[PDB]
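Given as structure tokens, the chain that follows is alone and in the form deposited in one PDB entry.
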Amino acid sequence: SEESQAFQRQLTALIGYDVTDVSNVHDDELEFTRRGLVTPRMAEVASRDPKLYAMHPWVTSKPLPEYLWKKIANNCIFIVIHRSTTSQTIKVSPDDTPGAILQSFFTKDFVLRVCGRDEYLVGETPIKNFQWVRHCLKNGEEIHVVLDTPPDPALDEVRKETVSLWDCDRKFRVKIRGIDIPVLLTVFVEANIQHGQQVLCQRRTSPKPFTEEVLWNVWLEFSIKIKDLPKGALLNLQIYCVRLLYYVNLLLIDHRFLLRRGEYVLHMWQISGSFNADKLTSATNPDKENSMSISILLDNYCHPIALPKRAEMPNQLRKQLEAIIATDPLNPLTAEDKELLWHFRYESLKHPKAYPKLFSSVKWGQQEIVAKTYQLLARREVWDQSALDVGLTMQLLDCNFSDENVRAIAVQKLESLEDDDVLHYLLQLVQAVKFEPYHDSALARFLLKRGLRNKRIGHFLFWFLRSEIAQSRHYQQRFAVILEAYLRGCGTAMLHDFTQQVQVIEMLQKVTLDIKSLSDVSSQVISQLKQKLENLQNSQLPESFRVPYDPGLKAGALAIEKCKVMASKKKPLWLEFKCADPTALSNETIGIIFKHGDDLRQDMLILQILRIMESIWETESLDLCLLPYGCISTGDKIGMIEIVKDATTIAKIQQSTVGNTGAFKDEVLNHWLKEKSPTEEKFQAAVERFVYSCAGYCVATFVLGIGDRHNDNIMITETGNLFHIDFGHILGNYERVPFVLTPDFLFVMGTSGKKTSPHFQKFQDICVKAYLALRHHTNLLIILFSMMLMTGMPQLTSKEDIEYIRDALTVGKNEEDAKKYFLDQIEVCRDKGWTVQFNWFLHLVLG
């Protein structure tokens, strides 16, 4: 085969790493996992309905929220069906099927698409339940359909494809031959057997002089028995001299359940600059010329050794147990707590809330305990039956659980999330893949299934993986094998779509990096920008291409005219495009920023948390009006960002009538708003939208501990909606304010200095509801914030950083104590006025 063999050269193109390579493995686990994934891919490609798949309706079973029924006149939604230019309006009921809006139009074969978008209102679902509709209602807008012909399913077609460990009482051991580094103190090697961040045993070698080569040739006997090693155990090898210098890991029980034996030479990872996820990888360093290396031997018998495969209680105790179950994810367990959870494990099994703590009371270094823990997993009914709790589910998937049966039951719980909910957590489920001991895992397969099943999940899963494959040497192989599996099943139609997007953005990067090397901006630089963008619009670049942060959008021709290079430290591009779709109601460009020099992974994590907060507020009928704009990492330290329309900085609004100073004037923003409002009616709404959006960002920003911001990184729209930007900037550099509530903001609210008003009391009372709303999900947010810090921004691990959020969410405190607490934060804002903002001005503009 060849035509079905040049293919892999395209996949290796889309993936961005050569999955067939072997230059950096010490076993066949990746190969075994690729083979492993073939079955779940074809299972799902065969199992998906061709229609619904090709048109990926975007649907939701959650109730239509209150604040949107009130926006429906009376059981009456208006849709505008476009033919050519012969429009037409219809009175449709919220509970109306989409087809039925054809038994009601073919009365005065075909499918309804959305004007300007790749979105289809298809399938048996009430229109109240299509996201694009809900997006229309929320922003008060006519719903436009183009009414045309189905895409053809046939274009989504995929092209044609021994001794039992439990009989070994010998203490386990490993020989350290020694270490070699090509180029350079006293030095030694530390060997740990870890399971799930739990350390089972430790031994070291004697210290030695640090030279180009250091040999010991010692056996290190561990205090743990061969039969007592759990599946997922890591041998963790480290090098000290006290500071840590190099680490590497090796699974002691391989993907085949074999105790691991023989000679191993492993190139090790360095430490730059408390644990992030890179510390956990089974992947060996690819870079050999440079990397410290270690050489070991594992005993090597014949001799394949395969890992095989309730009463009452007092009352002081029960309440002690209840107090433990309740405590938050980050609150530590004493030995005393653990022995208690374990002894009363059966009474602990009735409370799913308890599972994270129960399965952390387990000594995984003991066969018989693990064996009892598996009996525990067989009596799992209460967990199996209870309503899905994503907060619970994520905790079992973090770095604290290495047993795959514990992790599998969390994944079981996820299988019952509707698509919509999958998109909310997708980014973090993919980061959670870094915590899996093995390349092939239930969570890895599950992400594969849900992608292959829904082009929308699938489009994002593509980019999230490609971002990691592009900037993570620790996990690229594994992510490569998951991407590869996904691409070989998405459909040739998707495959061509992904290829377009890749071709375009790769070009644009080149431009970006190139203009970047010429350096505020010279009109020499402004010149080449326009020039290269003209090159592109030629005989390479395809006509259009899906915008990656918003898959429903096709971008077409650029707008050379409007595109610019901005005056940042780095030189990011400000590009704009035409909607490639003629059926577009408007003619506004699609505006996208391109930047090198920031790791955009971190901004992605924050934005997606923001969407989750907006989703938590919808449960309580709150719309705090955030603008979590699109952001997609596409490669090392580089990617794109969506541009929000009709928006300036708050600092620019000040600099407009004070001119680069700090003489910030309390009345300037409310004057800018009135300045841009055609009616005092629109103006009132922009003031209403301000109060919500600003409150919304005070709470979220405060919980996430990124509320103390420079005035240049807070923006607003000509319509009152306020939003923060550039979250990577405070995260990735690290007198104080909790969030940013400034004299100009308060002034817009009807309060001066130390006063009060109907809008400010509206403000405070949206904050309180908001703040309390999030604390109802204290466990969700604590695990997400913790997993965020671990997989996304190293340096910000330590532990002490991770625990900021417990303080913020005020765990333990009762609502009334908590309500008061936030209001006091607001009051720290009223007190400092322009202080910090002025400080941020001196520092960030004058050093």
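If you superpose the two forms and keep the largest set of C-alpha atoms that fall within 1.5 Å, you have the rigid core. Note that residue numbering follows the sequence shown and begins at 1.
There is another form of this protein, the form deposited in another entry, and it is not shown here; the text below is about that form.
Core-based superposition between this form and the one not shown leaves all of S47, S61, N814, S798 but one with CA shifts under 2 Å; the exception is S798. Superposed on the core, the two forms barely differ at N587: its CA moves less than 2 Å between this form and the one not shown. With the core held fixed, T149 shows a CA shift below 2 Å between this form and the one not shown. Positional change of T86 between this form and the one not shown stays under 2 Å at the C-alpha, relative to the superposed core. One change in the other entry concerns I324 and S798, whose Cα atoms lie at least 3 Å closer than in this form.
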